[PDB]
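Chemist: I'd like to ask you about the structure that follows.
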Amino acid sequence: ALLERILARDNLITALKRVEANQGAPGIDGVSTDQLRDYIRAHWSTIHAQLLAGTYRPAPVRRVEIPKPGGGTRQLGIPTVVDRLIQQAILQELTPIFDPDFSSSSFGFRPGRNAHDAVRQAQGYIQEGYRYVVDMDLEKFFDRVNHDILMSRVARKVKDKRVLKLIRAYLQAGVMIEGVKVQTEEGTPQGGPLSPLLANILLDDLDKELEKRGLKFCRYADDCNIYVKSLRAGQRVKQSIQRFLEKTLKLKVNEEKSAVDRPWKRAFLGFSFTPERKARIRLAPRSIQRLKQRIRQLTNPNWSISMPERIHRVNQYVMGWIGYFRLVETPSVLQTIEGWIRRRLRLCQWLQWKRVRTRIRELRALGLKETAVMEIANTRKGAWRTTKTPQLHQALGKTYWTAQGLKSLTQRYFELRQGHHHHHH
DNA sequence: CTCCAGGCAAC
RNA sequence: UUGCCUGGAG
RNA sequence: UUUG
Ligand SMILES: Nc1ncnc2c1ncn2[C@H]1C[C@H](O)[C@@H](COP(=O)(O)OP(=O)(O)OP(=O)(O)O)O1
Ligand SMILES: [Mg+2]
């Protein structure tokens, strides 16, 4: 059955190569992704047998404290590389059982479905007159997930008793803190490969309830938001869904993240909207600030690397960043931050020329007139003040950086948009 | 379509 | 987890 | 370090 289908040779190697590819830090054992291929070849006849025999206890997941963009400490769960390999092999065969019957409005942790699908449907709601959204988020969602309510949802379709025991065992596997197992009464491990599927299984009933109620919503993981026409209707259904998920699913709601405010002052998947009747997608202020704070140090504060290297690092990140923020319909702000990127990249190039004599000889080399070369070189104004002067725009400008190998942000923004909406449409 | 090296994003 | 992007082998 |  399904467990035999999980322990199949080809389902194990594809699951293995994934855990290998991720290059995740090692579990409680300390055995890495690099040692995983050699490791399982040695112990498979055992591991296979003892979990075919229902005598396989998985290792406890390892506690790591990582800071979250909000400022909170995210408690991550890191399983043993074998446990990651197994959980992957469960996930791979559990996806086709559960995924097809998941909501059409469910966009988080599902294959063939991205944040862009969630935002395009969301703009539809404010597009068609539902100009109030009830944005929602759960407190420590993965940490609070209820074992009995989860396995009840899991057991509905999954008839093989062997996998239900196995999945419960992974949920029940305690964690390690300074050399002691701490029993997990609540949660699915953050970073467990299977855990994101289990998360959608629980909130599939939340989608079915909202679908029964006949509401116009978009869910990505716990971050779930319903579109209504009025604030009163939104505030009414804010309490009624809070009552639902608190009683039926047994979860507590994050009131700081949850709100009934207007769509374009709230952030949804790194995007926000415009107050317009045809609400255009814009970058959320956080999303802009995260870019700026990343580009500030790709630009040299006191950083000693090759300038061509810096241009490659600045470009590979920006080009990757815009790959995901190509959805926004405001090119103006993209043109501004691109200029700000160049202006930021001028500061590092200016400071590199430590000597007043080195400034003069390079600027003359760049082609700038000798009149302007001696004026700005002897400036008594600050570094950031000199970067925004007429001279350094002329010598080091859009022409210069583009020739020095810098990839244009706005150029690629259009290149991506043009081809892609030619396809879907 | 499969998989490798690397990157970006949402969680 | 998932989506995407550059490069590579089939 | 820092997982999924
Ligand atoms: N980097 C990550 N690795 C693994 N799981 C993650 C990661 N980021 C987010 N998740 C998962 C687990 C989280 O419980 C879930 C929802 O994200 P989020 O709401 O930001 O965190 P949270 O619900 O655990 O804390 P909070 O109470 O602040 O919402 O998404
Ligand atoms: Mg949450």
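Just so you know, all these numbers are worked out from the coordinates, no wet-lab data involved. Every residue, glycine among them, receives a Cβ derived from its backbone with ideal geometry; neighbour counts consider all protein chains shown.
Chemist: What share of Cα pairs, in percent, lie more than 12 angstrom apart in the stretch A:262-319?
Modeler: Tail fraction, whole percent: 70.
Chemist: A further question on this structure: Over 31 Å between Cα atoms: which of A:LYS17/A:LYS208; A:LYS161/A:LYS216; A:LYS157/A:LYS229; A:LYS140/A:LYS407; A:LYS140/A:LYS208; A:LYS212/A:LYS278 fall into that group?
Modeler: The answer is A:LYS17/A:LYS208; A:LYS161/A:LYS216; A:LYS157/A:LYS229; A:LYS140/A:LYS407.
Chemist: In Å, what is the Rg of the alpha-carbon atoms in chain A, and how long is Dmax?
Modeler: 26.6, 85
Chemist: Report the charge-dipole magnitude of the stretch A:282-424 in Debye, nearest 20, computed about the Cα centre from +1 at each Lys and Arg Cβ and -1 at each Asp and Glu Cβ.
Modeler: With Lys and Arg at +1 and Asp and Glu at -1, about 540 debye.
Chemist: Hey, got a sec? Which GluC sites (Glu not before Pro) in the stretch A:321-425 land in a DSSP loop and have at most 15 other Cβ atoms within 10 Å?
Modeler: The qualifying sites are A:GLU329.
Chemist: Can you pull out the GluC sites (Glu not before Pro) in the stretch A:84-146 that DSSP calls coil and that have at most 12 other Cβ atoms within 10 Å?
Modeler: When the GluC sites (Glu not before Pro) of the stretch A:84-146 are filtered for loop state and at most 12 Cβ neighbours within 10 Å, A:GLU128 remain.
Chemist: Roughly how many Å is it from the Cα centre of the stretch A:89-112 to that of the stretch A:239-256, as a whole number?
Modeler: Answer, in whole Å: 23.
Chemist: Could you tell me what % of all Cα pairs in the stretch A:172-257 have separations over 21 Å? All intermediate terms of the calculation are to be shown ahead of the outcome.
Modeler: Working: 1509 of 3655 pairs.
Considering the stretch A:172-257, 41 percent of its Cα-Cα pairs are separated by more than 21 Å.
Chemist: Which value in deg cm²/dmol, rounded to the nearest 500, describes the helix-derived mean residue ellipticity at 222 nm for chain A, given -39,500 (n - 2.57) per DSSP H run of n ≥ 4 and division by the residue count?
Modeler: Mean residue ellipticity at 222 nm (helix-derived): -17000 deg cm²/dmol.
Chemist: I've got another one for you. Suppose every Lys and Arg Cβ carries +1 and every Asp and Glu Cβ carries -1, with no other charges. What dipole size does the stretch A:235-325 come out with about its Cα centre, to the nearest 20 debye?
Modeler: 380
Chemist: Okay, next question. Given a cut-off of 19 Å, what percent of all Cα-Cα pairs of the stretch A:282-424 lie beyond it? Before the final figure, lay out the partial values.
Modeler: Values: 5571 of 10153 pairs.
Counting pairs separated by more than 19 Å, the tail of P(r) holds 55 percent.
Chemist: While we're here: Label-point separation (nm) for A:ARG262 and A:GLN297, each offset 7 Å from Cα along Cα-to-Cβ?
Modeler: Reported label-point gap for A:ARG262 and A:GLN297 is 3.8 nm.
Chemist: Something else now. Please list, ordered by chain and number, the residues whose modelled amide H lies under 5 Å from the amide H of A:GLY77; skip anything fewer than 5 residues away on the same chain.
Modeler: Here the answer is A:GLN190, A:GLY191, A:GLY192, since their amide H atoms fall under 5 Å of that of A:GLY77.
Chemist: Let me ask something else. Find which of A:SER103, A:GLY129, A:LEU91 sits farthest along the positive direction of the dipole of the stretch A:88-144, computed with +1 on the beta-carbon of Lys and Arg, -1 on that of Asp and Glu, about the Cα centre.
Modeler: A:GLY129
Chemist: In the neighborhood of A:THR379, defined by Cβ-to-Cβ distances under 10 Å, what is the net charge if each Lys or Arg adds +1 and each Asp or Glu adds -1?
Modeler: Here the charged neighbours net out to +3.
Chemist: Now, a different point. Would you mind working out the magnitude of the charge dipole of chain A relative to its Cα centre, with +1 at each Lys and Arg C-beta and -1 at each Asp and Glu C-beta, to the nearest 20 Debye?
Modeler: 1960
Chemist: So what is the relative contact order for chain A, in percent, with contacts set as C-alpha pairs under 8 Å and at least six apart?
Modeler: Values: 536 pairs, mean separation 63.4, N = 425.
Result for chain A is 15 percent.
Chemist: Let me ask something additional. Given the Cα-Cα distance of A:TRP44 and A:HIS147 and 0.36 nm per residue of separation, how much length would full extension add, in nm?
Modeler: Gain in length upon complete extension: 34.2 nm.
Chemist: Set the Förster radius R0 to 22 Å, insert the Cβ-Cβ distance between A:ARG213 and A:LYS278 as r into 1/(1 + (r/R0)^6), and round the FRET efficiency to 0.05.
Modeler: Using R0 = 22 Å, I get an efficiency of 0.20.
Chemist: Follow-up. Starting at 0 and stepping by 5 Å, how many percent of the alpha carbon pairs of the stretch A:96-209 end up in each bin?
Modeler: 2, 9, 18, 20, 18, 12, 9, 6, 3, 2, 0, 0
Chemist: Okay, moving on. Which residues in the stretch A:114-140 have a backbone N closer than 15 Å to a point placed 7 Å from the Cα of A:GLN242 along the Cα-to-Cβ line?
Modeler: A:134-139, by backbone N distance to the label point.
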